[PDB]
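Two forms, one chain: they're shown below as structure tokens, one block per form, named structure 1 and structure 2.
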Structure 1
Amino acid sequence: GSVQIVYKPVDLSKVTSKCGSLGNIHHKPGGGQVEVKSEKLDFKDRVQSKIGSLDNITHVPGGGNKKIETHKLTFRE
């Protein structure tokens, strides 16, 4: 017995943007209050966390485009 696998996916996909001007962007928050109370924390594998935060983000990319692609080929005998 013989097994042949040919894995040849072809990609020609374009993700693109055009813009004239980014322009006036104003981000003026007036800060509040946050309180968190806890006794014990206990984190193990691959935990990702935020506790007690007051964060402001202004994010103005000129493009900001994304292309996420994953190829997988498991085999067994």
Structure 2
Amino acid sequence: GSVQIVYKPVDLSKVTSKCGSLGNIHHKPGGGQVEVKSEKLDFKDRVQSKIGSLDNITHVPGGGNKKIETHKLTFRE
């Protein structure tokens, strides 16, 4: 068997965004309290967690466009 595979995708995509102004943004929350109490913590075998936190994230990009492509060609035998 003469397998012949041609993989030719053509891509001319625009992901654009215009913006006049981003303007005044005020991120003024209040204070908080987080209290976690535990004694035994046994972790193993590909674990990743978070125990007790407080975040004030202000993420203001001037255009936060994403483009995620994925080309996957799997061949077996």
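Take the two forms, superpose them, and find the largest set of C-alpha atoms that agree within 1.5 Å; that set is the rigid core. Residue positions are counted from 1 along structure 1's sequence.
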item	value
Is_shifted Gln48 between structures 1 and 2 (CA, 2 Å cut-off, rigid core)	yes
Per-residue C-alpha change between structures 1 and 2, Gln33, threshold 2 Å, rigid core fit	no
Shift in Å of the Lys67 Cα between structures 1 and 2 [rigid core superposition]	0.3
